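Below: one structure, written as structure tokens.
In each ligand, atom 1 is the first atom listed, and ligand 1 is the first ligand listed. Note on naming: letters A, B, ... go to the chains in the order of the sequence lines (proteins, then strands), and numbering restarts at 1 for each one.
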Amino acid sequence: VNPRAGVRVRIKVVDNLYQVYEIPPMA
Amino acid sequence: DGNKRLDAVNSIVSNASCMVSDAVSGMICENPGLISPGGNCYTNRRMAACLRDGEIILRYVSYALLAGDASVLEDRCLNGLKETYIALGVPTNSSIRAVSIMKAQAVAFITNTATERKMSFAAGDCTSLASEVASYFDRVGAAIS
Ligand SMILES: *C(=C)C1=C(C)[C@@H](Cc2[nH]c(/C=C3N=C(/C=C4\NC(=O)[C@H](C)[C@H]4[C@@H](*)C)C(C)=C\3CCC(=O)O)c(CCC(=O)O)c2C)NC1=O
Ligand SMILES: *[C@@H](C)[C@H]1/C(=C/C2=NC(=C\c3[nH]c(C[C@H]4NC(=O)C(C=C)=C4C)c(C)c3CCC(=O)O)/C(CCC(=O)O)=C2C)NC(=O)[C@@H]1C
Ligand SMILES: *[C@H](C)[C@H]1/C(=C/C2=NC(=C\c3[nH]c(C[C@H]4NC(=O)C(C=C)=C4C)c(C)c3CCC(=O)O)/C(CCC(=O)O)=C2C)NC(=O)[C@@H]1C
């Protein structure tokens, strides 16, 4: 909806361990 | 193949500023009437709005690539845009040129074939991803033509 927003994605590696991928909010 | 997709997205977002300014500058140098009085990039307010729209479109296209589906782009960015541009007097043919230049840039970064900047990847092939991101950019023109 708002394109200026950031983005956060959660990847499961194992139970209770995650890889976090970020796109920052726009300047 | 998910690691390749993450690399491909990173290659775009890491160069997103240069992509937008170079595409909108390219649209202008090909059609300098856009900068003359009465042109739709004339005045700083207009040039800033155009640069903003370049960035928005690229932002949506990068989501679509990160998701492997066009819906976010079509629903949140492309829906309504043609009508808006008509109502505003934003030239859709010049818009499509800006988008086509960003398409050429993204294909280059994804396949690591940019002339002015190399990035770091394990050897392999990303042609599917480059063809996919192209199809997202082509949806923009399709929506606003
Ligand atoms: C006006 C005189 C005018 C331009 C401005 C320019 C616009 C233009 N740019 C391309 C192709 C690319 N631009 C790229 C952008 C970048 N490369 C970098 O290393 C930095 C980070 C960033 C911004 C400067 C890239 C990667 C490309 C792809 C080709 C390449 O790597 O050299 C085109 C070609 C568009 C097409 O193929 O349709 C155009 C028109 N050109 C001008 O005439
Ligand atoms: C086209 C995009 C490229 C290309 C990409 C390849 N990447 C490959 C492996 C790889 N890439 C990453 C980084 C990615 N994963 C992440 O979790 C994050 C951020 C959170 C990113 C940016 C990883 C971790 C890996 C796995 C290998 C490694 O651990 O070093 C790869 C090899 C195949 C594969 O793993 O699928 C390719 C081909 N390669 C190219 O030559 C073009 C230009
Ligand atoms: C640049 C490559 C173009 C160009 C673009 C202009 N856009 C102008 C205004 C504008 N754009 C949008 C759509 C944009 N807003 C969004 O929220 C989203 C997606 C969610 C998008 C794509 C809107 C709603 C507006 C109006 C509000 C505003 O001004 O931001 C604009 C200003 C027009 C005017 O008022 O004079 C321009 C110049 N112009 C060009 O010549 C090239 C082709």
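Remark: among candidates B:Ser14, B:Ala114, B:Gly26, B:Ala16, the nearest residue to atom 4 (C) of ligand 1 is B:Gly26, based on non-hydrogen atoms. Which of B:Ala130, B:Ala122, B:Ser128 comes nearest to atom 41 (O) of ligand 2 through a heavy atom is settled by distance: it is B:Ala122.
Protein non-hydrogen atoms do not reach within 4.0 Å of atom 27 (C) of ligand 2. At a distance under 4.0 Å, a protein heavy atom can be found next to atom 6 (C) of ligand 2. Contact annotation for atom 24 (C) of ligand 1: protein present (non-hydrogen atoms, distance under 4.0 Å). Distance remark: protein heavy atom not present below 4.0 angstrom from atom 30 (O) of ligand 2.
Residue B:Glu116 has at least one heavy-atom neighbour below 4.0 Å for each of these atoms of ligand 1: 18 (C), 19 (O). Which parts of ligand 1 touch B:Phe109 is read off a 4.0 Å heavy-atom cut-off, strictly below it: atoms 16 (C), 17 (N), 18 (C), 21 (C), 26 (C). The B:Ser25 neighbourhood of ligand 1 comprises atoms 5 (C), with distances under 4.0 Å to a heavy atom of that residue.
Scanning the protein for heavy atoms near atom 2 (C) of ligand 1, the closest one is B:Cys29 SG, 2.8 Å. Of all protein heavy atoms, the one lying nearest to atom 4 (C) of ligand 2 is B:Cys126 SG, 3.2 Å. Protein heavy atom nearest atom 15 (N) of ligand 2, with residue, atom name and distance: B:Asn3 OD1, 2.9 Å. The protein non-hydrogen atom at the shortest distance from atom 9 (N) of ligand 1 is B:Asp22 OD2, 2.9 Å. Nearest protein neighbour of atom 37 (O) of ligand 1, counting heavy atoms only, is B:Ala104 CB, 3.6 Å. When only non-hydrogen protein atoms are considered, atom 34 (C) of ligand 2 lies nearest to B:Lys4 CG, 4.4 Å. For atom 29 (C) of ligand 1, the closest non-hydrogen atom on the protein side is B:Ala108 CB, 4.6 Å. The closest protein non-hydrogen atom to atom 27 (C) of ligand 1 is B:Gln105 CG, 3.7 Å. B:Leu6 CD1, 4.0 Å is the protein heavy atom nearest to atom 18 (C) of ligand 2. Atom 33 (C) of ligand 1 has as its closest protein heavy atom B:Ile101 CG2, 4.2 Å. Of the protein's non-hydrogen atoms, B:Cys18 SG, 2.8 Å is the one closest to atom 22 (C) of ligand 1.
Annotation: the span from B:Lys4 atom NZ to B:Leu129 atom CG amounts to 6.5 Å, rounded to 0.5 Å.
The side-chain heavy atoms of A:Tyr21 and B:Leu66, taken from C-beta on, include a pair separated by under 4.5 Å. With contacts defined as side-chain heavy-atom distances shorter than 4.5 Å, the pair B:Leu73/B:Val61 qualifies.
In this structure, B:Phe121 belongs to a hydrophobic cluster whose other members, linked by side-chain heavy atoms under 4.5 Å apart, are B:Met119.
At a 3.5 angstrom cut-off on N or O pairs, B:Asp7 counts as close to ligand 2. Checking only distances, B:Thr111 never comes within under 3.5 Å of ligand 2, N or O to N or O.
A heavy-atom separation below 4.0 Å is not found between B:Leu129 and ligand 2. Using a 4.0 Å cutoff on heavy atoms, B:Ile110 counts as a contact of ligand 2. Within the structure, the closest approach of B:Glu30 to ligand 1 falls below 4.0 Å when heavy atoms are considered. Using a non-hydrogen distance threshold of 4.0 Å, B:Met102 does not register as a contact of ligand 1.
In this structure, B:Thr84 contributes its side chain and B:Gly80 its backbone to a donor-acceptor pair below 3.5 Å. Judged by distance alone, with hydrogens and angles left aside, the side-chain atoms of A:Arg10 form no donor-acceptor pair with the main-chain N or O of A:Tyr18 at under 3.5 Å. For B:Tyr136 (side chain) and B:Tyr63 (main-chain N/O), no donor-acceptor pair under 3.5 Å exists by modelled atom type.
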N/O contact list for ligand 3, threshold under 3.5 Å:
| unit_1 | atom_1 | unit_2 | atom_2 | d |
| --- | --- | --- | --- | --- |
| ligand 3 | 7 (N) | B:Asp53 | OD2 | 2.8 |
| ligand 3 | 11 (N) | B:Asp53 | OD1 | 3.3 |
| ligand 3 | 11 (N) | B:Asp53 | OD2 | 2.9 |
| ligand 3 | 30 (O) | B:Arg52 | NH2 | 2.7 |
| ligand 3 | 35 (O) | B:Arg45 | NH1 | 3.3 |
| ligand 3 | 36 (O) | B:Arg45 | NH1 | 3.3 |
| ligand 3 | 36 (O) | B:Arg45 | NH2 | 3.0 |
| ligand 3 | 36 (O) | B:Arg46 | NE | 3.3 |
| ligand 3 | 39 (N) | B:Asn40 | OD1 | 3.0 |
| ligand 3 | 41 (O) | B:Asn40 | OD1 | 3.4 |

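For B:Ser95, the side chain to side chain contact (heavy atoms under 4.5 Å, CB included) criterion is met by B:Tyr85, B:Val90, B:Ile144, not counting sequence neighbours.
Using modelled atom types, one finds a donor on one side chain and an acceptor on the other under 3.5 Å when comparing B:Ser14 with B:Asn10. No hydrogens or angles considered: nothing links the side chains of B:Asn15 and B:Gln105 as a donor-acceptor pair under 3.5 Å. Of the N and O atoms on the side chains of B:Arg59 and B:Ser62, not one donor lies less than 3.5 Å from an acceptor on the other residue.
Within the 4.0 Å heavy-atom criterion, the part of B:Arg97 lying near ligand 1 is the side chain and not the backbone. With a heavy-atom cut-off of 4.0 Å, B:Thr115 touches ligand 1 through backbone and side chain alike. Looking at B:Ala123 against ligand 2, only its backbone comes within 4.0 Å, counting heavy atoms. Looking at A:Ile11 against ligand 2, nothing comes within 4.0 Å, counting heavy atoms.
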Please set out all donor-acceptor pairs under 3.5 angstrom arising from side-chain atoms of residues 32-48 of chain B, sequence neighbours excluded.
| unit_1 | atom_1 | unit_2 | atom_2 | d |
| --- | --- | --- | --- | --- |
| B:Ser36 | OG | B:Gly33 | O | 2.9 |
| B:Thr43 | OG1 | B:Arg46 | N | 3.3 |
| B:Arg46 | NH1 | B:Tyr42 | O | 3.1 |

